[PDB]
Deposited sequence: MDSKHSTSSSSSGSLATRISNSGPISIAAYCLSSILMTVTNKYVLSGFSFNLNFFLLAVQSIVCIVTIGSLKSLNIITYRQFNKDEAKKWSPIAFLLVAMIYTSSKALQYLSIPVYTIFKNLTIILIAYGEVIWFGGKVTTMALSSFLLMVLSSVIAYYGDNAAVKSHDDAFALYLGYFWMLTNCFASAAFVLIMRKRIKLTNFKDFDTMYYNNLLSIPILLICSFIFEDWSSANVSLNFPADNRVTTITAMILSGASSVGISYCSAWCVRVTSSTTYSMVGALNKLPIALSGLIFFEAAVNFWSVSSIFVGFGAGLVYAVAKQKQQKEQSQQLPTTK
């Protein structure tokens, strides 16, 4: 059964939304009092947690993946460099821009990945599929509507994230095909190589002064900080496997569209389990986003039969 599920399109999609829901729940509802402004060092800790998680499973003879290779780490380096490139540019994008404006631009990259898969991987973008891309941007625009230099750097660091996010999936999906990598080989290399880069970025681009260190690691609460630093990285194990799983089987476009649809369950949860407003500009954002997913799904059915 481990093989039929491995080459399953719907299952990789469902497991990706579950792992994204689980990771967002942990970092937003389970860890609500957590404060940590050393971003790259905490993300480097996450990659350490995923490395020891699957490295111990393989050492227990449960799972299995390829041995580390010098000539194959040198060929995965561009993908690991791009993965940290999205991390750095998005952190710098959110220091001047908000989350609603970040999602507007992130839903404008699916139109760029969809048209990059056509050029590089061959194919076509149908009109039904295109109209679903504009219906995810519409839902973002509706949701959003409900210093001059600073806002120039907001869109500069946001267009660079658009290019790094699009290049990441297109280059990565190509490289899982000349290497015949499985979902554990991709997870192993995506994390092993990203540890040194994220640690080096945390050295130069983050504050390691005596006052910021004691503000991030208080001496009177060390078990709480270490525990929250590991629960924050144990929830990313599922999304690290299911991101590479989804990209391999379905597409870079489908993986990106599913990622955009992964933020609608969170929005609906706020409107029911929390106090979030139920105004027209927040209900019609969820309904329009659902129509975008249901139009993309039928669009691929027609494309499958065309």
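- Taken in order along the deposited sequence, the stretches absent from the coordinates are 1 to 14, 161 to 169, 330 to 338.
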